[PDB]
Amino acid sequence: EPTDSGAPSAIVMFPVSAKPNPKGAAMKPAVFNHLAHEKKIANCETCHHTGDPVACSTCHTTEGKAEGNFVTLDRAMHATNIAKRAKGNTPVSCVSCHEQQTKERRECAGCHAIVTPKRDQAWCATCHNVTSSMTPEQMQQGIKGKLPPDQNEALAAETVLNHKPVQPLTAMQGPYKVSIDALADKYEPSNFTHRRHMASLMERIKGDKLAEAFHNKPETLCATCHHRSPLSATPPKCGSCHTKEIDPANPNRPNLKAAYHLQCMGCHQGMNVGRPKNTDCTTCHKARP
């Protein structure tokens, strides 16, 4: 399948710099699947914000220059907080649109209302992924904008085709139900439908390639809720980090009650759950007669 646009189906993107880089001091080049993107975004100018479709690096070099308003390659590819242009087009970055996706799509917006992205090495590597078949020489030529289109296409194509998404933990790999009773007092324990929740959440995003590329560890989705602890099938209790009472030390951290409310309710509201509403108290935990 060829692209409508006439662009290569997948493209390797290099760190175009005014500073010579004989040692290849750089991030691993990024492979952009143009075909898959263009099939999801009809407006070519959403990305090619100046109109004519040309490499962003023609204007956005690592150092920045006149043609790009000194907006560097780093900024053009990872900007967040991009201001809405009063007139004309509001450019997008790779990161901002991806971020847009998690906030605008109901199936993404529940977990992403409660997830604080790590944006660690694994996150960088999702984009910075050119096949290891790329040689230092090819790296040098791409940097100089002298890599032949056929070699670029071939490196990009190999990258796309050699990708194998990670096998996540099944909902059967987590507990079926969890009696959340760490604070049981005025109400009964909340009998959480742990497995049903996980399974419903995963089904809604099954096959999404953006989601699959960035959820790249078997337990990543478990970290949605079990955050700030090593990826694991048996994470520590919320109660191990969240104190019953506001802890006067480190710091502003929600106490346990708020941790549960903010987390459970935060997702429900993020993916517009019909029930329970945050005011449906006995739906999550029956009042104690």
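The first residue of the shown sequence is 1; numbering continues from there.
In this entry, 14-22 has the higher mean Cα B-factor, the comparison being between 14-22 and 264-272.
Relative to one another, 217-225 and 46-54 have unequal mean CA B-factors, and 46-54 is the one with the higher figure. Taking the PDB entry at face value, the top CA B factor among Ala122, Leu210, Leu169, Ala109 belongs to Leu169. Per-chain ranking of the deposited C-alpha B factor places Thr102 in the lowest third. The entry lists a Cα temperature factor for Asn33 that places it in the lowest third of the chain's modelled residues. For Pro91, the recorded CA B-factor ranks within the lowest third of the chain. Only modelled residues enter the ranking. Among all modelled residues in its chain, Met27 ranks in the lowest third by Cα B-factor. In the PDB entry, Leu155 places in the middle third of its chain by CA B-factor.
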